[PDB]
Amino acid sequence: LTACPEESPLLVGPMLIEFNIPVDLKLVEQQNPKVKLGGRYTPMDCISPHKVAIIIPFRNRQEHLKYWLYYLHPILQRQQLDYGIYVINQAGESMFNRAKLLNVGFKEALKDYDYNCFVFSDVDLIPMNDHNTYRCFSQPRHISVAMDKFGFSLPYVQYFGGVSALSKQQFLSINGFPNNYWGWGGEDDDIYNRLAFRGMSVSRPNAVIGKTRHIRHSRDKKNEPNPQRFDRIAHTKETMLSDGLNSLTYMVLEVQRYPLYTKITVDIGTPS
């Protein structure tokens, strides 16, 4: 087997993404036969250099996940990636912690395979063009550059939320993500500040290939805006050495393999 081409010849480009449609994972499982237990997939006709672990922070977002699985599996396969899908389900009902959930995904995914790249994706964002490759680059990669929710514009130049990707080394270089952001907002700006503090830049696909759709939804109880968020992002320099992968503590309550994804239910503590 030879290494897959730099660009995949299976790519179609712009695709039609809609969410009025109903989804059945059985059909999805059925439409995507190459996808093995736990949502793992490896190219059978070429060797791919990207061993990607796609991490999804999660809690009470099953319908969104269904659409995510429905659209992304066919896409990822076309991108000729050797990947796996990890849904990090937060147990309990205390304040949501997006970033800590992502750190957990990093540690748990490594237990399965030697992934070298990590894509962190909100459950409700779907790429509109398969040229927007879900892998890592020489620089941390911001993937959802043109979200319809923001009218295809970056809400602000340093925006690093939605979907992003960090190689195993880039992730390790910043001590992973912070564990101290409970509730909505800021965790992603902290991460962006971490990158800059370790001397890195952000790589992005152009605004046309980077178009992506966000599933319109309402607020989730227990993920209200975090008031101390402004104060935390202004002090990232002082807290990133101690808050992150090296201070990460959680408890896996269960690991369930579903055909389209591995679901890891975890107790990540409470704020204080």
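So that there is no doubt, residue numbering starts at 1 and follows the sequence shown.
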Between 28 to 36 and 207 to 215, which has the larger average Cα B-factor in the PDB entry?
28 to 36
Selected stretch [higher average CA B-factor]: 251 to 259 or 6 to 14:
6 to 14
If you compare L69, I55, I47, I233, which has the highest Cα B-factor in the entry?
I47
Entry-reported C-alpha B-factor of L1 relative to its chain, by third, is highest
Divide the modelled residues of the chain into thirds by Cα B-factor and specify which third, lowest, middle or highest, holds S94.
highest
Comparing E108 with the other modelled residues of its chain, is its CA B-factor in the lowest, middle or highest third?
middle
Quick check for you: using the entry's CA B-factors within this chain, is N129 in the lowest, middle or highest third?
middle
C-alpha B factor of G151, ranked within the chain: lowest, middle or highest third?
middle
